[PDB]
Amino acid sequence: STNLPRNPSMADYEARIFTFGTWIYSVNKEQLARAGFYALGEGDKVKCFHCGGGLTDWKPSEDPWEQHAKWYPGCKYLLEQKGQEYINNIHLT
Ligand SMILES: [Zn+2]
């Protein structure tokens, strides 16, 4: 299902934040890991443990939850943590 994570090995926040040990980019690693992302080890590429959606080319001080909702609104981890109202608002500008 979409209710199960694509990468269960990254389902723990502690595991995700660990992948950002070598993170030099201007996007907050705690916010990234909170939003479900872990680092792939190539540039600023990250992937969501649940939906598998990848993001790259981050702008400085960008909001990871906003980008998660912008590009991958069907993610069930995004839904659980942020709710449908938030996802809809992101797409209403
Ligand atoms: Zn996701």
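Since chain A takes its numbers from Swiss-Prot, the residues it shows come out as 253-345.
Cβ coordinates come from backbone N, Cα and C, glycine included.
Annotated features in Swiss-Prot:
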type	residues	note
BINDING	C300, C303, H320, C327	Zn(2+) binding site
CROSSLNK	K322	ubiquitin cross-link
CROSSLNK	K328	ubiquitin cross-link
REGION	262-277	region 'Required for interaction with SEPTIN4 isoform ARTS'
REPEAT	265-330	repeat 'BIR 3'
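Mapped onto three states, the DSSP output places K328 (ubiquitin cross-link) in helix.
Using the Cβ center of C300, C303, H320, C327 for Zn(2+), the list of other same-chain residues with Cβ within 8 Å runs, in sequence order, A287, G288, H302, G304, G305, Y324, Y329, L330. Spatial neighbours are here defined as Cα atoms within 10 angstroms of one another, and by that definition the neighbours of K328 (ubiquitin cross-link) among the recorded positions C300, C303, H320, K322 are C303. Note on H320 (Zn(2+) binding site): other Cβ atoms within 10 Å of its Cβ, all shown chains, come to 27.
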